[PDB]
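Structure 1 and structure 2, given next as C-alpha cells, are two forms of the same protein chain, each shown alone.
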Structure 1
C-alpha cells in the first residue's frame, strides 16, 4: 500500500532530504491516499497534465506542487500560476521570463537552476560558465526565489559517473553560493527513481520518486 511504501522510504532518508512524489501517471485519488499517509510534495513533468489534476485537490491546504520537466517559455505563465517550485530553470531567458510573469501576477515561484555539467543529447540545462557569468543578474531578479541547482544524469550514465556528477553538483553549488551571497542557494535537486541513493549520499535535498511510492 502507499502508506507502507512511504514509511519504508522515509525510514531510509535523513531529515535533510525531502521526497517529491512524482504523480505523473497517477490519478487524484492516489494523491489523496498519499496525502493521508503524510506526503505533501508532489511533482509533475508537464504543466498541462498537472493543471488538469490540480482542480479537485485545492481543498488540501499544504500540498506543494513541483514542476520537474522541461518548461517552454510560452508555458511559463501557467507554470507560475500553478506550481510552487519549478526545478527545470535551464536558461537566463527562462529565469527572466518567470520573474517578469511572477511580478505581473504577484507570485514568487521557488526555482532550481538546471545545470548541464555533462554532455547530454536529450536534455536542456545551463552551461556552467554561462550560469557563473549571469549570477549578478540572477541575484537581481526580485520576484522569484532562486534556491538551488537541479542536476539530472544523462540516460545510461554509469553508477560511478553518476556519483561523481552528484558530487560535482554539490561542489559547484557551494562555489556558486560563495559567489552570490544574495541568493539562498541551499537546495540540491538531484536523485531519481534508480539513482536517488547516490544523490542522497552526495548531499541531495530534493529527490524524485514515482513507482517506489505509488502503486504500479
Structure 2
C-alpha cells in the first residue's frame, strides 16, 4: 500500500510542491518499495541511520537525501558527505562549520534554516531576531546553498494555530529575502502527516511526510 498512498498524496499536490518521504524508523525495504513507485526524495533524522540505509540501497542510483533532525558538530562532516539537503540548520556556528567542511570536501549542501516562530520545548530553532542579525554573514557563505526556511509545528496546535504559523513562516521568509537579495530563499519546508494540506495552502514547497506513507514504526 506504499504505492497507493504515494499516488493518492501526489495526485493532491500542485507542481510547486515536492514531497519528502520521511523514512526515519522504517527499514531499507520500505524505501525500496517507495522508489518502485517513483519516489526519489527521502528524509532521515539521524546521520548514522541514513549512512547504514545508504549502504543497503546501492541498487538505487538517483536518491536525494534530506537531513531533518538536530545536527551536532560531531556529525557535521558525515552530514555534508551523505546528505544533499540539511533542513535543520538552527545556528550561525553550525552554518559556518558546514560551509567550511563543504569547502574542504568539494560539496555544496542545500540548507534550510530551521526557525522557531512559537514556543516549542521539543525542538530547537533560530530566534527570528537572531536570524535577522546574522543574515549578512549567512549571505557571504560560498560553499553552501541557503534555499529556505524550515518550520515545525509545536505539538498539539489546533488547525487554526497551525495555519497561522505556516502563513507567518511564509511572510517571514519574504521579509528575509528582501533583506538579503544575494540569497535564493525560494523554499519553505513545512507540513508533515497531520498538517501538510495546511502547509501547502500557505506556500510550502517541500512537505515532509512519514506516517501517512509508511504507516507506524
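Between two forms, the rigid core is defined as the largest C-alpha subset superposing within 1.5 Å. Numbering follows the first chain given and starts at 1.
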Which single residue of 178, 58, 182, 48, after superposing the core, moves its CA by 2 Å or more between structure 1 and structure 2?
58
Per-residue C-alpha deviation between structure 1 and structure 2 [residue 131; rigid core superposition; Å]:
0.4
In Å, the rigid core superposition gives a C-alpha shift for residue 28 between structure 1 and structure 2 of 1.8
